[PDB]
Amino acid sequence: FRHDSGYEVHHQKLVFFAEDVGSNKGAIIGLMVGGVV
Amino acid sequence: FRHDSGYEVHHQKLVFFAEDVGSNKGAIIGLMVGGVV
Amino acid sequence: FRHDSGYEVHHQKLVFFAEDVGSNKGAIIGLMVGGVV
Amino acid sequence: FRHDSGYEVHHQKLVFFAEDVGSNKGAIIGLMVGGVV
Amino acid sequence: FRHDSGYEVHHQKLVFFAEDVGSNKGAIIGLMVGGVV
Amino acid sequence: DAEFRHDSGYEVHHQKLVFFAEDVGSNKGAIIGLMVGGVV
Amino acid sequence: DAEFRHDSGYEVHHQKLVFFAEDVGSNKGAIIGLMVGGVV
Amino acid sequence: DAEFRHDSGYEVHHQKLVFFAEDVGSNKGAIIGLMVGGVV
Amino acid sequence: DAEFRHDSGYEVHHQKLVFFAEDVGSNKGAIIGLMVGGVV
Amino acid sequence: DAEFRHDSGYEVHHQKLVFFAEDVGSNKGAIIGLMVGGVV
């Protein structure tokens, strides 16, 4: 009985919370997985 | 009985909290996974 | 019975909290995983 | 019974708290995992 | 029964707290894991 | 790792409550929104 | 690692409560929003 | 590592409460928002 | 390492409370927001 | 290392409270926001 697995990445938990009450703000990003702008 | 796994990264917990009451702010990022701008 | 795993990184807990009441601030970042700007 | 693991990094706990009431501040960073700017 | 692990870094606890009431401050960093600027 | 959390607003491992109410008296008048184990 | 947290607003390992109420008296009048184990 | 935290607003390992209330008297009048184990 | 923290606002390993209330008297009048183990 | 912290606002290893209240007297009038083990 061998698992025999060269790379294991069992879990990850990522929580992003962004809140903006912001006004009159302009910004170019190319990519935002989670962005508030 | 052998697990036999060359790389193991069992867990990670990442929590990002961003709050902005900010106004009149402009900024270019190329990438923000979690950004408030 | 052998686990036999060359690299082990069992856990990590990262908590980032950013709050900005800030106004009239402009800044270029290329990447912010968690940013408030 | 042998664990047999060449590198072990069992845990880490990182907590970053940034609060800014700051205004009229502009700064270029290239990367901020946790930044307030 | 042998653990047999060449490098062990069992734990670390890092807490960073940054608060800025600061205004009219501009600064370039390239990287801030935790920065307030 | 194993993390066990128990939250109880109120927990009792063991409890005994005894309430005894005797009324010997005619003509009491009362208004009660909620009476538990209550004698007028 | 194993982390155990118990939170209880109120915990009792063991409790005994005894309430005895005797009324010997005619003509009392009362208004009670909530009466538990209560004698008028 | 193993971390154990117990938080209890109120904890009792053991408690005994005895409340005895006797009324010998006619014509008392009362208003009580909450009466527990209470005799008018 | 093992870290044990107990926080209790109020802890009692053992407690005995005895409250005795006797009223011998007609015509008392009272307003009580909360009466526990209370005799008018 | 092992670190043990107990915090209790109030701790009692053992306590006995006895309250005795006798009223022999007609016509007392009172207003009490909270009466515990109290005789009017």
# chains A, B, ... in the order shown; residues from 1 in each chain; ligands from 1
>>> residues_around(residues="residue B:22", least_positions_apart="4", cutoff="6 Å", atoms="only C-alpha atoms", output="VMD selection string")
(chain A and resid 22) or (chain C and resid 21 to 23)
>>> residues_around(residues="stretch 24-34 of chain A", least_positions_apart="5", cutoff="6 Å", atoms="only C-alpha atoms", output="list in words")
residues 23, 24, 25, 26, 27, 28, 29, 30, 31, 32, 33 and 34 of chain B
>>> residues_around(residues="stretch 9-18 of chain A", least_positions_apart="3", cutoff="7 Å", atoms="only C-alpha atoms", output="list in words")
residues 36 of chain A; 8, 9, 10, 11, 12, 13, 14, 15, 16, 17, 18, 19, 34, 35 and 36 of chain B
>>> write_last_selection(atoms="C-alpha atoms", output="compact mmCIF listing (two decimals), in the first residue's frame")
# COMPACT_ATOMS: atom_id res chain seq x y z
CA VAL A 36 -12.74 46.82 -5.59
CA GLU B 8 3.99 18.03 0.86
CA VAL B 9 2.28 21.38 1.58
CA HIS B 10 -0.57 20.23 3.79
CA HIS B 11 -2.49 23.49 4.62
CA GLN B 12 -2.45 27.25 4.62
CA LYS B 13 -4.97 29.77 5.89
CA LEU B 14 -4.73 33.32 4.44
CA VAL B 15 -7.21 36.04 5.49
CA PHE B 16 -6.94 39.51 3.94
CA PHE B 17 -9.31 42.28 5.05
CA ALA B 18 -9.10 45.66 3.29
CA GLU B 19 -11.52 48.50 4.13
CA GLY B 34 -7.38 41.24 -3.18
CA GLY B 35 -7.14 45.03 -3.82
CA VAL B 36 -9.21 48.03 -2.70
>>> closest_atom_pairs(of="chain J", to="stretch 3-9 of chain H", cutoff="10 Å", atoms="only C-alpha atoms", output="tab-separated table")
residue	atom	partner	partner_atom	distance
J:2	CA	H:3	CA	9.5
J:3	CA	H:3	CA	9.4
J:4	CA	H:4	CA	9.4
J:5	CA	H:5	CA	9.4
J:6	CA	H:6	CA	9.4
J:7	CA	H:7	CA	9.3
J:8	CA	H:9	CA	9.2
J:9	CA	H:9	CA	9.3
>>> write_last_selection(atoms="N, CA and C atoms", output="PDB file, in the first residue's frame")
ATOM      1  N   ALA J   2       4.830  24.993  29.655  1.00  0.00           N
ATOM      2  CA  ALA J   2       3.393  24.927  29.877  1.00  0.00           C
ATOM      3  C   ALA J   2       2.942  26.126  30.701  1.00  0.00           C
ATOM      4  N   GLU J   3       2.016  26.906  30.167  1.00  0.00           N
ATOM      5  CA  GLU J   3       1.577  28.148  30.791  1.00  0.00           C
ATOM      6  C   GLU J   3       0.087  28.020  31.177  1.00  0.00           C
ATOM      7  N   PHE J   4      -0.229  28.165  32.464  1.00  0.00           N
ATOM      8  CA  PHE J   4      -1.584  28.039  32.992  1.00  0.00           C
ATOM      9  C   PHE J   4      -2.042  29.408  33.490  1.00  0.00           C
ATOM     10  N   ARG J   5      -3.108  29.998  32.943  1.00  0.00           N
ATOM     11  CA  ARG J   5      -3.652  31.247  33.494  1.00  0.00           C
ATOM     12  C   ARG J   5      -5.110  31.065  33.882  1.00  0.00           C
ATOM     13  N   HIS J   6      -5.462  31.355  35.128  1.00  0.00           N
ATOM     14  CA  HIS J   6      -6.863  31.410  35.541  1.00  0.00           C
ATOM     15  C   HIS J   6      -7.193  32.853  35.879  1.00  0.00           C
ATOM     16  N   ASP J   7      -8.245  33.399  35.291  1.00  0.00           N
ATOM     17  CA  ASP J   7      -8.751  34.718  35.648  1.00  0.00           C
ATOM     18  C   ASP J   7     -10.180  34.531  36.151  1.00  0.00           C
ATOM     19  N   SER J   8     -10.501  34.955  37.368  1.00  0.00           N
ATOM     20  CA  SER J   8     -11.895  34.974  37.797  1.00  0.00           C
ATOM     21  C   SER J   8     -12.268  36.299  38.425  1.00  0.00           C
ATOM     22  N   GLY J   9     -13.258  37.017  37.891  1.00  0.00           N
ATOM     23  CA  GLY J   9     -13.690  38.264  38.540  1.00  0.00           C
ATOM     24  C   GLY J   9     -14.040  38.037  40.014  1.00  0.00           C
TER      25      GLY J   9
END
>>> select_by_dssp(residues="chain A", states="strand (DSSP E)", output="PyMOL selection string")
chain A and resi 7-8+13-20
>>> residues_around(residues="residue H:30", least_positions_apart="4", cutoff="7 Å", atoms="only C-alpha atoms", output="count of residues only")
6
>>> residues_around(residues="residue J:27", least_positions_apart="4", cutoff="9 Å", atoms="only C-alpha atoms", output="PDB file with N, CA and C atoms, in the first residue's frame")
ATOM      1  N   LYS H  28     -51.883  42.672  50.967  1.00  0.00           N
ATOM      2  CA  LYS H  28     -50.743  43.308  50.300  1.00  0.00           C
ATOM      3  C   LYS H  28     -50.993  43.448  48.792  1.00  0.00           C
TER       4      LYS H  28
ATOM      5  N   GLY I  25     -47.361  40.592  58.465  1.00  0.00           N
ATOM      6  CA  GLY I  25     -48.094  41.857  58.469  1.00  0.00           C
ATOM      7  C   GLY I  25     -49.006  42.220  57.290  1.00  0.00           C
ATOM      8  N   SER I  26     -50.300  42.362  57.570  1.00  0.00           N
ATOM      9  CA  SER I  26     -51.303  42.887  56.624  1.00  0.00           C
ATOM     10  C   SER I  26     -50.968  44.239  55.951  1.00  0.00           C
ATOM     11  N   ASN I  27     -51.393  44.413  54.693  1.00  0.00           N
ATOM     12  CA  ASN I  27     -51.525  45.705  53.998  1.00  0.00           C
ATOM     13  C   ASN I  27     -50.223  46.410  53.570  1.00  0.00           C
ATOM     14  N   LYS I  28     -49.093  45.706  53.440  1.00  0.00           N
ATOM     15  CA  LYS I  28     -47.934  46.308  52.775  1.00  0.00           C
ATOM     16  C   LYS I  28     -48.163  46.423  51.261  1.00  0.00           C
ATOM     17  N   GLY I  29     -47.761  47.521  50.636  1.00  0.00           N
ATOM     18  CA  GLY I  29     -47.875  47.681  49.181  1.00  0.00           C
ATOM     19  C   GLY I  29     -46.522  48.013  48.570  1.00  0.00           C
TER      20      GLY I  29
END
